[PDB]
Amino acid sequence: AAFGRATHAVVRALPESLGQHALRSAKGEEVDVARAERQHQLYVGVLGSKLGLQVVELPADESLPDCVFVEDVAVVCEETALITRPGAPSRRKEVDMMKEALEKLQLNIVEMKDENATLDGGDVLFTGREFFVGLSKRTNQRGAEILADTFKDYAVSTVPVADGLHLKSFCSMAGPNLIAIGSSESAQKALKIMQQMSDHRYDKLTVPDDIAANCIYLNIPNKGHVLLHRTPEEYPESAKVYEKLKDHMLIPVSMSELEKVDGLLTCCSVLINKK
C-alpha cells in the first residue's frame, strides 16, 4: 500500500515501422531501430530481471508504429484500469491488446468510449494522493472528466500543456510526496498550477533538463526505493541531482533512440500492484 509499490509491469515490443512512421513532435536525427530494441531490452531487463517484477511483454504490431509506448493506452490505479482513447487516431488500435493483457491480469476494466473524449496516459500524473491531467493536443477536458469518474476516490485537476508536450514530458514522481520537475518556464508554470490546485503542497526535485524529470519510481519490497533515471551520458547535470538521493537505489537507464520519437522512461511501461 506504500506509494510506488508494484508487482507487474506491462511492456510492448517495438515494431520495425517505428523508425520511420512513429509520431514525433520535432524533426531530428534518424531512429536506429536495432539499437532502440537493445535499449528497450535493457529497460525490460531492469524491471523484470533486476527488480523482480512479473513482466508481460506484448508482441509488436507493424500497423501500430507507436505500440511500444503502452503508458498512453492504460492508466492503472490500484486494481482499476482505465483503457484510454488515445489522442492520435493512429494509436487507437493499441487499445485492443492492452485490454487483453489486463483482463488476463484480472483487473477491473473501464474503457473510454465517448467519441468526443481523448486522453493520453502520458498526460496523467498520479501522485499517490490525486491526479493531475494535462490538457494538450492529445488530451481534452472530456478525457479528464472520464478519468475523474473512473477514479472517484481521488481528486482530479487539469493543467494546460503546450505544443507537442505531455504532462510527463517534464515531470514525474520521484518518491512519496515528491515531484521531479524540469527547470524550464513551461515546467515551472505547470508545477505552480499543480501546487496551487492541490489540497497539499508537494516536495520537489528540480532538474536542469526537462526530459530528465521523467523517471520511474518503484518501491520494491526488501530491496529499495528504486529510481530509474536517464544516464550521465544523456543528461550529466540531471544525473547529478538524482545522485544526491542517498536513500534511493539509483539505476541509470538510456532512452536515447526512442527519445527521438518523444519516448521517455514512464512512457514504455504500465505498472500494476497485484495483491
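Numbers follow the displayed sequence, beginning with 1. Whichever C-alpha set is largest while still superposing within 1.5 Å between the two forms counts as the rigid core.
Comparing 221 to 229 with 208 to 216 by root mean square Cα distance to the shown form in 7 other deposited structures of this protein, with the rigid core used for the fit, gives 221 to 229 as the more displaced stretch. Averaged over CA atoms, B-factors in the entry run higher in 159 to 167 than in the other of 159 to 167 and 122 to 130. The deposited model assigns a higher average Cα B-factor to 3 to 11 than to the other stretch when 3 to 11 and 264 to 272 are compared. When the Cα B-factors of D210, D66, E234, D32 are read from the PDB record, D32 comes out highest. Across the options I181, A81, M98, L105, the residue with the most elevated CA B-factor in the record is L105.
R142 sits in the middle third of its chain by CA B factor, as recorded in the PDB entry. The entry lists a Cα temperature factor for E111 that places it in the middle third of the chain's modelled residues. Remark: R201 belongs to the highest third of its chain, ranked by C-alpha B-factor as recorded. Sort the modelled residues of the chain by CA B factor and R85 lands in the lowest third. Placement of the Cα temperature factor of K246 within the chain: highest third of the modelled residues, per the deposited record.
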